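A.B. asks: In the numbering used here, the protein residues as written are 268 to 431. Think of the CB as a built atom: it goes at the ideal place given N, C-alpha and C, for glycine as much as any other residue.
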Ligand SMILES: *SCC1=CC(C)(C)N(O)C1(C)C
Ligand SMILES: [Cl-]
Ligand SMILES: [Cl-]
Ligand SMILES: [Cl-]
């Protein structure tokens, strides 16, 4: 198991424009196109992201290319962020994947806002971090995914993903 397989499970794969859990236009493996209500604005972002006239449909190769770029960007965003980098540096390889997962889903700014949870993770207080992470809109809006990510932080294993 690794970060790519992990996010593929959490995000799924769809080759036509769709609305994510928040109702935002998205495509591929959780690639957010726009927060704008307009399907035309989304198709225009998609064409720009892909580099051709897509008409809202992409191939699997194209979805996987956006995915590679998105995972890379999330990692580089953690490493350049002053609140995230020290947490990331403190963690083992499995829990690092959990942090990347959160950043991929909510962005660098959102995760940097979990000030108290980040401090507990850095201190390696795993049960206490898990309880604090669950006191969040994130957990309340997407409970099954949040539970998988939180269990990964708690245990340092891939158990929440292995029967999937
Ligand atoms: S978040 C810690 C916690 C409190 C209580 C309601 C007693 N629980 O069942 C858990 C362990 C979730
Ligand atoms: Cl998704
Ligand atoms: Cl892009
Ligand atoms: Cl969920």
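Pull up the DSSP beta-bridge partners for residue 293, would you.
C.D. replies: As a working mapping, residue 293 is identified with position 26 in the chain shown. Residue 293 pairs with 285 and 299.
A.B. asks: Using a threshold of 8 angstroms, state whether the C-beta atoms of residue 299 and residue 330 are closer than that.
C.D. replies: Taking the first residue of the chain shown as position 1, residue 299 is located at position 32. Taking the first residue of the chain shown as position 1, residue 330 is located at position 63. No, they are not a contact pair.
A.B. asks: State the Cα-Cα distance for the pair residue 417 and residue 339, rounded to the nearest angstrom.
C.D. replies: Numbered from 1 along the chain shown, position 150 holds the residue referred to as residue 417. Numbered from 1 along the chain shown, position 72 holds the residue referred to as residue 339. Roughly 22 angstroms separates the two Cα atoms.
A.B. asks: Could you give the residue range of the alpha helix (DSSP H) that holds residue 362?
C.D. replies: Indexing the chain shown from 1 puts residue 362 at position 95. Segment 360-379, the alpha helix (DSSP H) holding residue 362.
A.B. asks: Which first and last residues belong to the alpha helix (DSSP H) in which residue 273 is found?
C.D. replies: Position 6 of the chain shown, counting from 1, holds the residue named residue 273. Residues 270-278.
A.B. asks: I'd like the ranges of any alpha helix (DSSP H) spanning at least 4 consecutive residues and lying wholly in the segment 372-431.
C.D. replies: Assignment of alpha helix (DSSP H) within the segment 372-431, counting only whole runs of 4 or more residues, yields 382-389, 393-400, 404-408, 410-422 and 426-429 in chain order.
A.B. asks: Residue 378 and residue 358 - do their beta-carbons sit closer together than 8 angstroms?
C.D. replies: Sequence index remark: in the chain shown, residue 358 carries index 91 (1-based). Sequence index remark: in the chain shown, residue 378 carries index 111 (1-based). Contact: no.
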